[PDB]
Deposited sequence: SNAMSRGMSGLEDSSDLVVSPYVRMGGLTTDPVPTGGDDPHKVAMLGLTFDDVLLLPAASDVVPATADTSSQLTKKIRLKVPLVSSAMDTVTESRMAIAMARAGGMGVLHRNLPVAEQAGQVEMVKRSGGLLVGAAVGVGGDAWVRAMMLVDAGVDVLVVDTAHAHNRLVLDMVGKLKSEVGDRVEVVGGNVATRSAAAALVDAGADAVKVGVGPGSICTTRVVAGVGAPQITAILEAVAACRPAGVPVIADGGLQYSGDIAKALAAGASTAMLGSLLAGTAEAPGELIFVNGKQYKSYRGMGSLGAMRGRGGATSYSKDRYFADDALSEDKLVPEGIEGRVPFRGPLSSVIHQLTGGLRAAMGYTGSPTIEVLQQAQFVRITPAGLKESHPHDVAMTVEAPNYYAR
């Protein structure tokens, strides 16, 4: 970062971090229309999805109903781990016996996490996600490496989360089959406020990709996505898939009863590091609610439609070509101009609410 901002060390403030709202994809020469785009992409080294989307491993987003629906829509669910091992394993079996659908499951770090992992593999899980706030901790890299050693022939092992090139490189050397990027950008996340730590999500992807791409390891962009265009941006920055919590938490298939506050409909959505999920603790998430959004299938159709539009605009027949697209950086005025502006919206759009 060139500009003088204090002190005598030019590396103290090491770069300028961008996130989704900071950039637009540039249109390019195209012989692609949304209809002819191919949205398939690698979830891991061995697993390719038809639709490059996976649901967050959260107790207000993914249990078996969500996992089943995501798989049928061409993506995948990652089953959360805030429940007894026998119950998480049973949910893996529920998905597996609905057509041999793909499914993943989260585990932590340690002895209990290891027992959880072995049970999940026994239940037939396809992907284990080592699900942590900071994968550059040595204990996490150990967990990833040992799982890959012991069961890596039977199962794919994802490691996360990271926000730097060096952390992505450490997970690759540990043997990760994919690397999940996102420290702090989650809609329900307070890590960046409470700890003061993280990196803006576009820059975090660009950096992780610089480590993972040359090693042939897919990057999963996790957190901070709010519009279908954000998915296109994350993939163009080099991710192969995107993980969604907020965008899916409001759907019929997410766990939770409908909340009916003041004429409107909502579903609860909460961080896994919130007090409520963990039950003095120092939480790194909040508890809240999102608008009810109806069937998962209709949300995914809108998201994939927006991604297909982006592929047509950028002349990308495949996700692999989308990953080569270019950005322009924009100002606050640019962002206001990008949204609808100076008009009163009178009708809801299925892919846009202010």
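Annotation: deposited residues 1-30, 310-331, 407 are not represented by C-alpha coordinates in the model.
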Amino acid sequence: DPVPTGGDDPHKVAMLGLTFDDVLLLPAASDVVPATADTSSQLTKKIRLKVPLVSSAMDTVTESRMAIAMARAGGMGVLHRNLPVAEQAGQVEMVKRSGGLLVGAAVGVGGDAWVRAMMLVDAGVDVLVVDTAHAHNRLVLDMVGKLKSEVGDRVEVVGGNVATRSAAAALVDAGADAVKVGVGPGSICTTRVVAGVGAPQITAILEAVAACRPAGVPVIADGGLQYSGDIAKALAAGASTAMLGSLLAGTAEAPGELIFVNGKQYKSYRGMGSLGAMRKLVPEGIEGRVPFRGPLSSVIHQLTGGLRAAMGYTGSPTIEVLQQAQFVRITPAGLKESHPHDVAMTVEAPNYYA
From here on, numbers count along this sequence of modelled residues.
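C-alpha atoms forming the largest set that superposes within 1.5 Å between two forms make up the rigid core.
Across the superposed structures in 8 other deposited structures of this protein, aligned by the core, the stretch whose Cα atoms lie more distant on average is 256-264, chosen from 256-264 and 72-80. In all of the other compared structures of this protein with flanking residues present, residue 97 is modelled, so it falls below the one-third mark for missing coordinates. At least a third of the other compared entries skip residue 280 while keeping the residues on either side. The deposited model assigns a higher average Cα B-factor to 249-257 than to the other stretch when 213-221 and 249-257 are compared. According to the PDB record, 281-289 carries the higher mean C-alpha B-factor of the two stretches 281-289 and 310-318. Of the candidates 25, 335, 344, 18, the one whose C-alpha carries the top B factor in the deposited record is 344. Of the candidates 184, 229, 152, 196, the PDB record gives 152 the highest C-alpha temperature factor. Sort the modelled residues of the chain by CA B factor and residue 138 lands in the highest third. When all modelled residues of the chain are sorted by CA temperature factor, residue 166 is found within the middle third. Residue-level temperature factors show residue 295 in the highest third of its chain, judged at the C-alpha atom. Sort the chain's modelled residues by C-alpha temperature factor and residue 107 lands in the lowest third, per the entry.
When the modelled residues of the chain are ordered by their C-alpha B factor, residue 158 lands in the middle third.
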